[PDB]
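Notes follow once the structure below has been shown.
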Amino acid sequence: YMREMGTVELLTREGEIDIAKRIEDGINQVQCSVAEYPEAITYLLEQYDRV
DNA sequence: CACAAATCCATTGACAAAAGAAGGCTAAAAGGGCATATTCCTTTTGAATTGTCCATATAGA
């Protein structure tokens, strides 16, 4: 385990910021893909009524 | 050998204890959420197999 974790190198602070921006990009892409789906709204409407 | 009485087995009935449940409770058990910065652990003996040279037989030059 120590070897396989030692091959990978650490991160720079700006590096971590880059990775975080990548994650936001992914999550926003998936939220937009959900947004182009009408039943994505229908399910939330039904659930609110349930509450 | 029949008729008169004391002694048995059965239901009425009620009555108290006991248990199966149900709810109301409370102790407890299990999640979840934490944002100055944390970067690589602490005795031999023998046999059988496996990896290492050696004899050697053959094939080209």
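Each chain in the structure tokens gets a letter, A, B, ..., in the order shown, and its residues are numbered from 1; ligands are numbered from 1 in order too.
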May I have a table of the residues of chain B lying at most 9 Å from chain A, giving each one's closest pair of atoms and their distance in Å to one decimal, counting only C-alpha atoms (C1' of nucleotides), ordered by chain and ascending residue number, as JSON lines?
```
{"residue": "B:39", "atom": "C1'", "partner": "A:10", "partner_atom": "CA", "distance": 8.3}
{"residue": "B:40", "atom": "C1'", "partner": "A:2", "partner_atom": "CA", "distance": 6.3}
{"residue": "B:41", "atom": "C1'", "partner": "A:2", "partner_atom": "CA", "distance": 8.9}
```
Output N, CA and C atoms (P, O5', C5', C4', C3', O3' and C1' of nucleotides) for every residue in the selection just made, as a short mmCIF file (atom, residue, chain, number, x, y, z; two decimals), in the first residue's frame.
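So the final result, stored in again-v2.cif, reads:
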```
data_model
loop_
_atom_site.label_atom_id
_atom_site.label_comp_id
_atom_site.auth_asym_id
_atom_site.auth_seq_id
_atom_site.Cartn_x
_atom_site.Cartn_y
_atom_site.Cartn_z
P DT B 39 2.50 17.60 8.38
"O5'" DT B 39 3.29 16.22 8.23
"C5'" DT B 39 3.71 15.78 6.95
"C4'" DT B 39 2.89 14.60 6.47
"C3'" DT B 39 3.48 13.87 5.27
"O3'" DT B 39 3.29 12.48 5.39
"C1'" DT B 39 1.33 14.62 4.75
P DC B 40 4.54 11.53 5.70
"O5'" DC B 40 3.87 10.14 6.08
"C5'" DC B 40 3.49 9.26 5.05
"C4'" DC B 40 4.10 7.90 5.28
"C3'" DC B 40 5.40 7.92 6.06
"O3'" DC B 40 5.48 6.80 6.91
"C1'" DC B 40 5.78 7.07 3.87
P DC B 41 6.20 6.95 8.34
"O5'" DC B 41 5.71 5.67 9.15
"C5'" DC B 41 4.37 5.56 9.53
"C4'" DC B 41 4.11 4.20 10.15
"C3'" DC B 41 5.15 3.75 11.17
"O3'" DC B 41 4.53 3.45 12.41
"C1'" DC B 41 4.67 2.03 9.61
#
```
- Task: Apply DSSP to the backbone of this structure and, from chain A, keep only the residues in alpha helix (DSSP H); write these as number ranges by chain.
- Result: A: 2-7, 13-35, 38-50
Prev. selection, C-alpha atoms, output as a PDB file, in the first residue's frame:
```pdb
ATOM      1  CA  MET A   2       2.783   2.430   0.893  1.00  0.00           C
ATOM      2  CA  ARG A   3       4.417   2.074  -2.519  1.00  0.00           C
ATOM      3  CA  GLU A   4       1.210   2.509  -4.487  1.00  0.00           C
ATOM      4  CA  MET A   5       0.359   5.608  -2.457  1.00  0.00           C
ATOM      5  CA  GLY A   6       3.906   6.921  -2.774  1.00  0.00           C
ATOM      6  CA  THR A   7       3.888   6.914  -6.570  1.00  0.00           C
ATOM      7  CA  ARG A  13      -2.877  24.891  -3.028  1.00  0.00           C
ATOM      8  CA  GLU A  14      -3.658  26.312  -6.448  1.00  0.00           C
ATOM      9  CA  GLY A  15      -3.676  22.672  -7.526  1.00  0.00           C
ATOM     10  CA  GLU A  16      -6.394  21.836  -5.019  1.00  0.00           C
ATOM     11  CA  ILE A  17      -8.302  24.913  -6.155  1.00  0.00           C
ATOM     12  CA  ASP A  18      -8.079  23.585  -9.699  1.00  0.00           C
ATOM     13  CA  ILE A  19      -9.446  20.206  -8.631  1.00  0.00           C
ATOM     14  CA  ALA A  20     -12.276  21.862  -6.712  1.00  0.00           C
ATOM     15  CA  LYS A  21     -13.221  23.928  -9.743  1.00  0.00           C
ATOM     16  CA  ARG A  22     -13.240  20.698 -11.743  1.00  0.00           C
ATOM     17  CA  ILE A  23     -15.648  19.159  -9.249  1.00  0.00           C
ATOM     18  CA  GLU A  24     -17.945  22.170  -9.428  1.00  0.00           C
ATOM     19  CA  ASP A  25     -17.847  21.889 -13.212  1.00  0.00           C
ATOM     20  CA  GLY A  26     -18.954  18.272 -13.037  1.00  0.00           C
ATOM     21  CA  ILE A  27     -21.722  18.906 -10.523  1.00  0.00           C
ATOM     22  CA  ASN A  28     -23.038  21.889 -12.474  1.00  0.00           C
ATOM     23  CA  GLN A  29     -22.984  19.876 -15.697  1.00  0.00           C
ATOM     24  CA  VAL A  30     -25.022  17.108 -14.086  1.00  0.00           C
ATOM     25  CA  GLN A  31     -27.438  19.620 -12.555  1.00  0.00           C
ATOM     26  CA  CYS A  32     -27.936  21.227 -15.974  1.00  0.00           C
ATOM     27  CA  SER A  33     -28.523  17.824 -17.556  1.00  0.00           C
ATOM     28  CA  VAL A  34     -31.119  17.215 -14.844  1.00  0.00           C
ATOM     29  CA  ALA A  35     -32.610  20.645 -15.576  1.00  0.00           C
ATOM     30  CA  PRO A  38     -39.255  17.819 -17.322  1.00  0.00           C
ATOM     31  CA  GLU A  39     -39.864  14.963 -14.928  1.00  0.00           C
ATOM     32  CA  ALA A  40     -36.927  16.350 -12.967  1.00  0.00           C
ATOM     33  CA  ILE A  41     -39.390  19.123 -12.114  1.00  0.00           C
ATOM     34  CA  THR A  42     -42.413  16.831 -11.871  1.00  0.00           C
ATOM     35  CA  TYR A  43     -40.816  14.655  -9.185  1.00  0.00           C
ATOM     36  CA  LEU A  44     -39.905  17.667  -7.068  1.00  0.00           C
ATOM     37  CA  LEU A  45     -43.434  19.050  -7.438  1.00  0.00           C
ATOM     38  CA  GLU A  46     -44.927  15.723  -6.359  1.00  0.00           C
ATOM     39  CA  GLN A  47     -42.533  15.473  -3.411  1.00  0.00           C
ATOM     40  CA  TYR A  48     -43.305  18.978  -2.167  1.00  0.00           C
ATOM     41  CA  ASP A  49     -46.996  18.084  -2.171  1.00  0.00           C
ATOM     42  CA  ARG A  50     -46.094  14.925  -0.271  1.00  0.00           C
TER      43      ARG A  50
END
```
- Between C1' of residue 38 in chain B and CA of residue 8 in chain A, measure the distance and give it in Å to one decimal. 19.3 Å
